[PDB]
$ cat protein-v3.pdb   # PDB, C-alpha atoms (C1' of nucleotides)
ATOM      1  CA  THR A 608      22.260  74.819   3.092
ATOM      2  CA  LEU A 609      23.043  75.157  -0.595
ATOM      3  CA  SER A 610      21.290  74.252  -3.813
ATOM      4  CA  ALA A 611      22.814  73.425  -7.136
ATOM      5  CA  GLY A 612      22.079  72.879 -10.793
ATOM      6  CA  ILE A 613      24.380  70.620 -12.766
ATOM      7  CA  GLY A 614      23.984  70.922 -16.507
ATOM      8  CA  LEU A 615      25.418  68.585 -19.085
ATOM      9  CA  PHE A 616      26.527  69.667 -22.506
ATOM     10  CA  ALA A 617      28.577  68.479 -25.425
ATOM     11  CA  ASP A 618      31.859  70.120 -26.358
ATOM     12  CA  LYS A 619      32.336  73.237 -28.516
ATOM     13  CA  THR A 620      29.323  75.059 -27.072
ATOM     14  CA  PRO A 621      28.965  78.625 -25.726
ATOM     15  CA  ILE A 622      29.281  79.581 -22.076
ATOM     16  CA  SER A 623      26.326  81.978 -22.231
ATOM     17  CA  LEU A 624      23.751  79.403 -23.332
ATOM     18  CA  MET A 625      25.438  76.954 -20.961
ATOM     19  CA  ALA A 626      25.417  79.299 -17.976
ATOM     20  CA  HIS A 627      21.841  80.330 -18.702
ATOM     21  CA  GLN A 628      20.562  76.767 -18.983
ATOM     22  CA  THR A 629      22.162  75.665 -15.771
ATOM     23  CA  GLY A 630      20.900  78.876 -14.208
ATOM     24  CA  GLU A 631      17.426  77.685 -15.145
ATOM     25  CA  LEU A 632      18.337  74.344 -13.591
ATOM     26  CA  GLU A 633      19.452  75.951 -10.344
ATOM     27  CA  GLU A 634      16.255  78.015 -10.292
ATOM     28  CA  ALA A 635      14.156  74.887 -10.732
ATOM     29  CA  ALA A 636      16.209  73.549  -7.844
ATOM     30  CA  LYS A 637      15.489  76.709  -5.836
ATOM     31  CA  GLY A 638      11.778  76.265  -6.439
ATOM     32  CA  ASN A 639      11.701  72.747  -4.996
ATOM     33  CA  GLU A 640      12.523  73.177  -1.311
ATOM     34  CA  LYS A 641      15.674  75.304  -1.728
ATOM     35  CA  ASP A 642      17.836  72.435  -0.544
ATOM     36  CA  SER A 643      17.858  70.655  -3.820
ATOM     37  CA  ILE A 644      19.923  69.549  -6.799
ATOM     38  CA  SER A 645      18.611  69.305 -10.336
ATOM     39  CA  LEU A 646      20.874  67.122 -12.402
ATOM     40  CA  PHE A 647      20.692  67.768 -16.079
ATOM     41  CA  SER A 648      17.040  68.688 -16.442
ATOM     42  CA  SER A 649      14.008  70.601 -15.281
ATOM     43  CA  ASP A 650      12.712  67.476 -13.624
ATOM     44  CA  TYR A 651      15.165  65.243 -11.680
ATOM     45  CA  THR A 652      15.243  67.932  -8.970
ATOM     46  CA  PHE A 653      16.062  65.754  -5.983
ATOM     47  CA  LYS A 654      16.619  66.850  -2.450
ATOM     48  CA  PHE A 655      20.339  67.002  -1.946
ATOM     49  CA  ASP A 656      20.458  64.525   0.910
ATOM     50  CA  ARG A 657      18.451  61.976  -1.050
ATOM     51  CA  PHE A 658      20.772  62.493  -3.995
ATOM     52  CA  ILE A 659      23.804  61.740  -1.855
ATOM     53  CA  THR A 660      22.650  59.000   0.478
ATOM     54  CA  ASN A 661      20.029  57.410  -1.773
ATOM     55  CA  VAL A 662      21.347  57.758  -5.327
ATOM     56  CA  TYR A 663      25.143  57.521  -5.223
ATOM     57  CA  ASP A 664      25.624  55.554  -2.015
ATOM     58  CA  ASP A 665      22.521  53.341  -2.325
ATOM     59  CA  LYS A 666      21.107  52.794  -5.803
ATOM     60  CA  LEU A 667      23.958  53.362  -8.229
ATOM     61  CA  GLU A 668      26.398  51.220  -6.252
ATOM     62  CA  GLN A 669      23.841  48.408  -6.336
ATOM     63  CA  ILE A 670      23.466  48.890 -10.085
ATOM     64  CA  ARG A 671      27.226  48.980 -10.669
ATOM     65  CA  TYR A 672      27.709  45.909  -8.483
ATOM     66  CA  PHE A 673      25.198  44.012 -10.590
ATOM     67  CA  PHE A 674      26.206  44.842 -14.135
ATOM     68  CA  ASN A 675      29.963  44.449 -13.638
ATOM     69  CA  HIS A 676      29.754  40.985 -12.066
ATOM     70  CA  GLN A 677      27.690  39.305 -14.783
ATOM     71  CA  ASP A 678      28.125  38.858 -18.524
ATOM     72  CA  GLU A 679      24.716  37.899 -19.880
ATOM     73  CA  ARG A 680      22.741  41.130 -19.273
ATOM     74  CA  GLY A 681      24.065  44.299 -20.863
ATOM     75  CA  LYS A 682      23.044  47.681 -22.233
ATOM     76  CA  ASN A 683      19.780  46.465 -23.746
ATOM     77  CA  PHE A 684      18.288  45.366 -20.440
ATOM     78  CA  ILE A 685      19.214  48.763 -18.998
ATOM     79  CA  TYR A 686      17.600  50.693 -21.868
ATOM     80  CA  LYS A 687      14.414  48.655 -21.582
ATOM     81  CA  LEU A 688      14.340  49.333 -17.835
ATOM     82  CA  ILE A 689      14.862  53.071 -18.401
ATOM     83  CA  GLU A 690      11.844  53.098 -20.720
ATOM     84  CA  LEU A 691       9.613  51.366 -18.161
ATOM     85  CA  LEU A 692      10.769  53.838 -15.521
ATOM     86  CA  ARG A 693      10.046  56.727 -17.856
ATOM     87  CA  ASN A 694       6.514  55.593 -18.756
ATOM     88  CA  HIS A 695       5.139  53.974 -15.547
ATOM     89  CA  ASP A 696       1.514  53.178 -16.095
ATOM     90  CA  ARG A 697      -0.258  50.805 -13.768
ATOM     91  CA  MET A 698       0.152  48.338 -16.634
ATOM     92  CA  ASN A 699       3.929  48.815 -16.777
ATOM     93  CA  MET A 700       4.184  47.405 -13.257
ATOM     94  CA  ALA A 701       2.747  44.130 -14.557
ATOM     95  CA  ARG A 702       4.790  44.401 -17.737
ATOM     96  CA  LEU A 703       7.988  44.958 -15.720
ATOM     97  CA  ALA A 704       7.006  42.045 -13.458
ATOM     98  CA  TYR A 705       6.611  39.780 -16.480
ATOM     99  CA  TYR A 706       9.876  41.043 -17.979
ATOM    100  CA  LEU A 707      11.953  40.457 -14.859
ATOM    101  CA  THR A 708      10.433  37.048 -14.106
ATOM    102  CA  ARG A 709      10.916  36.127 -17.752
ATOM    103  CA  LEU A 710      14.603  37.010 -17.497
ATOM    104  CA  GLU A 711      15.016  35.079 -14.235
ATOM    105  CA  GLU A 712      14.778  31.793 -16.105
ATOM    106  CA  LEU A 713      17.076  32.797 -18.972
ATOM    107  CA  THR A 714      20.133  33.127 -16.671
ATOM    108  CA  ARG A 715      22.780  30.429 -16.236
ATOM    109  CA  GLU A 716      21.457  29.050 -12.845
ATOM    110  CA  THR A 717      24.776  30.201 -11.354
ATOM    111  CA  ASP A 718      23.814  33.846 -11.833
ATOM    112  CA  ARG A 719      20.105  33.222 -11.300
ATOM    113  CA  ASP A 720      20.450  33.997  -7.592
ATOM    114  CA  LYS A 721      22.244  37.300  -8.191
ATOM    115  CA  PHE A 722      19.786  38.256 -10.916
ATOM    116  CA  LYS A 723      17.008  37.343  -8.476
ATOM    117  CA  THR A 724      18.418  39.762  -5.900
ATOM    118  CA  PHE A 725      18.582  42.510  -8.520
ATOM    119  CA  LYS A 726      15.047  41.548  -9.620
ATOM    120  CA  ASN A 727      13.728  41.998  -6.105
ATOM    121  CA  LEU A 728      15.489  45.331  -5.578
ATOM    122  CA  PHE A 729      14.402  46.770  -8.925
ATOM    123  CA  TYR A 730      10.796  45.612  -8.625
ATOM    124  CA  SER A 731      10.657  46.884  -5.046
ATOM    125  CA  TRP A 732      11.803  50.350  -6.018
ATOM    126  CA  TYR A 733       9.602  50.266  -9.083
ATOM    127  CA  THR A 734       6.347  49.445  -7.292
ATOM    128  CA  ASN A 735       7.006  51.784  -4.373
ATOM    129  CA  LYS A 736       4.063  54.182  -4.416
ATOM    130  CA  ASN A 737       5.942  57.207  -3.019
ATOM    131  CA  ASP A 738       7.558  58.111  -6.426
ATOM    132  CA  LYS A 739      10.910  58.782  -4.757
ATOM    133  CA  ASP A 740      12.714  55.497  -5.492
ATOM    134  CA  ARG A 741      11.394  55.477  -9.064
ATOM    135  CA  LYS A 742      12.803  58.721 -10.411
ATOM    136  CA  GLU A 743      15.892  58.186  -8.252
ATOM    137  CA  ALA A 744      16.336  54.781  -9.902
ATOM    138  CA  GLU A 745      15.777  56.355 -13.308
ATOM    139  CA  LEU A 746      18.522  58.902 -12.669
ATOM    140  CA  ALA A 747      20.815  56.188 -11.295
ATOM    141  CA  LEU A 748      20.338  54.207 -14.486
ATOM    142  CA  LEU A 749      20.963  57.347 -16.579
ATOM    143  CA  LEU A 750      24.243  58.013 -14.781
ATOM    144  CA  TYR A 751      25.304  54.383 -14.941
ATOM    145  CA  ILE A 752      24.572  54.062 -18.651
ATOM    146  CA  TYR A 753      26.397  57.363 -19.146
ATOM    147  CA  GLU A 754      29.542  56.194 -17.398
ATOM    148  CA  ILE A 755      29.825  52.914 -19.350
ATOM    149  CA  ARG A 756      29.368  54.190 -22.908
ATOM    150  CA  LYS A 757      32.235  53.523 -25.316
ATOM    151  CA  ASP A 758      33.126  55.778 -28.267
TER
ATOM    152  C1'   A B   1     -31.996 -16.356 -34.227
ATOM    153  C1'   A B   2     -33.135 -13.130 -38.219
ATOM    154  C1'   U B   3     -33.505  -8.033 -39.658
ATOM    155  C1'   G B   4     -32.095  -2.849 -39.384
ATOM    156  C1'   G B   5     -28.272  -0.084 -37.551
ATOM    157  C1'   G B   6     -23.302   1.884 -35.529
ATOM    158  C1'   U B   7     -22.595   4.207 -30.962
ATOM    159  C1'   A B   8     -19.404   6.692 -26.805
ATOM    160  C1'   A B   9     -14.705   9.321 -25.972
ATOM    161  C1'   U B  10     -10.443  12.719 -27.079
ATOM    162  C1'   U B  11     -10.431  17.910 -31.309
ATOM    163  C1'   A B  12      -4.618  19.348 -29.543
ATOM    164  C1'   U B  13      -1.205  18.477 -24.796
ATOM    165  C1'   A B  14       3.619  20.569 -22.170
ATOM    166  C1'   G B  15       6.908  24.781 -23.407
ATOM    167  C1'   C B  16       9.476  28.992 -25.097
ATOM    168  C1'   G B  17       6.849  34.635 -25.785
ATOM    169  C1'   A B  18      12.027  37.435 -27.768
ATOM    170  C1'   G B  19      17.919  37.795 -26.713
ATOM    171  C1'   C B  20      22.422  40.648 -27.587
ATOM    172  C1'   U B  21      24.846  45.013 -30.257
ATOM    173  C1'   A B  22      24.272  50.150 -31.202
ATOM    174  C1'   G B  23      21.018  54.644 -28.058
ATOM    175  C1'   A B  24      23.007  59.484 -31.610
ATOM    176  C1'   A B  25      27.947  61.261 -34.337
ATOM    177  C1'   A B  26      30.476  64.939 -36.854
ATOM    178  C1'   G B  27      30.100  70.746 -38.088
ATOM    179  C1'   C B  28      28.577  75.818 -37.375
ATOM    180  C1'   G B  29      27.637  79.320 -31.440
ATOM    181  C1'   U B  30      27.761  84.377 -34.535
ATOM    182  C1'   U B  31      28.740  87.382 -39.581
ATOM    183  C1'   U B  32      27.984  92.097 -42.043
ATOM    184  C1'   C B  33      26.406  97.288 -41.736
ATOM    185  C1'   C B  34      28.994 100.748 -37.223
ATOM    186  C1'   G B  35      32.915 103.624 -35.131
TER
END
$ encode --input "protein-v3.pdb" --output "structure tokens"
Amino acid sequence: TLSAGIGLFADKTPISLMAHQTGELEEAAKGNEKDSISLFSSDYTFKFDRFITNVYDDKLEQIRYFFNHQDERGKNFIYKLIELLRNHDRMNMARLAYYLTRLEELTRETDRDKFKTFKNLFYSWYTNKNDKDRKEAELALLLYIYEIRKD
RNA sequence: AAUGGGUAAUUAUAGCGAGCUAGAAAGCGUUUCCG
């Protein structure tokens, strides 16, 4: 198998700093199980199979299918979900539960069913104890809010 | 009958509990001493 580190950098930067930082990323990926990919950071070191079949093909398609077929929720909901994924106390489970149930009712009753499906999926992979589906969801939201930013 | 007195409840009830934009952007990634 093979293991990879994928950095992410703005333009007009060196290729020595860049190569060294993603070398540190591939070494943090080597340290995991040496079958692993570290997108962008020293955490986020996923196994490669879980990155393919549980981040692209599972979570990020279900995020993209939500936020492109509704108008009322936007960037702000995504940023406030990213924060609750990044903190994750025991209290933030209840706070995320209150937030998502509180935004059930605010939808147009035509999109309340689709928001309810997204509510159930996001709460289910927030309160999963195994800590796989939580950092995978955080990375899926990072990639999705990367790929929809304007100038 | 006259006289002297007031007494018992309820003290807020039902909701909303924040929403959407922005989530960093331009520059500089080496220069001099040195051959």
$ resolve_selection --input "protein-v3.pdb" --expression "the PyMOL selection byres ((chain B and resi 17) around 10)" --output "PyMOL selection string"
(chain A and resi 709) or (chain B and resi 16+18)
$ resolve_selection --input "protein-v3.pdb" --expression "the PyMOL selection byres ((chain A and resi 694-702) around 12)" --output "ChimeraX atom specification"
/A:687-693,703-709,729-736,738,741-742,745
$ atom_distance --input "protein-v3.pdb" --atom1 "atom CA of residue 636 of chain A" --atom2 "atom CA of residue 662 of chain A"
16.8 Å
$ interface_residues --input "protein-v3.pdb" --of "chain B" --to "chain A" --cutoff "12 Å" --atoms "all atoms listed in the file" --output "PyMOL selection string"
chain B and resi 16-30
$ closest_residue --input "protein-v3.pdb" --among "A:618, A:717, A:739, A:722" --to "residue 654 of chain A" --atoms "all atoms listed in the file"
A:739
$ atom_distance --input "protein-v3.pdb" --atom1 "atom CA of residue 628 of chain A" --atom2 "atom CA of residue 658 of chain A"
20.7 Å
